[PDB]
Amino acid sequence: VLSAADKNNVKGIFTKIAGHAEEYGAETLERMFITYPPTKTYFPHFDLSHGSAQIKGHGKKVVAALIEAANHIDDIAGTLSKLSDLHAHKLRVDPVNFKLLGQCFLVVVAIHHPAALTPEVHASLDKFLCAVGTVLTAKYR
């Protein structure tokens, strides 16, 4: 699973994101909603006009959930379990989408921290995100 290098690389850039949750959160979702349109279908309650409260507010949520799985990293399922029931049983988020958000968040970090997102770091971060995608898809599996 998440190796010493993984569990340290992933904290690496996540400590370099911090006072940037709301900013990095919302930019990921916008890139998601535009680079991939059909992902907006999960947000009809939502105003998806650029930099709108609910994108910014919930982007702030997503990262607080990303960064909080990065701190309680031994039990990644234990810290984000409540968002499995939600994403998997209630909202029936297709797994093909966690991939797509992953891509987007990764694109954020490589915009504001290119030097930080080295091949090695990219790779740990992929595993973590994909450890997260996998958890929130669990309310079947």
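Don't overthink the numbering: it's just position in the shown sequence, from 1.
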The stretch whose C-alpha atoms carry the larger average B-factor in the entry, 63 to 71 or 30 to 38, is 63 to 71
Looking only at CA atoms, which has the higher mean B factor in the entry: 93 to 101 or 80 to 88? 80 to 88
Rank-wise, by C-alpha B-factor, drop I13 into the lowest, middle or highest third of its chain. highest
Sort the modelled residues of this chain by their C-alpha B factor and say whether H20 lands in the lowest, middle or highest third. highest
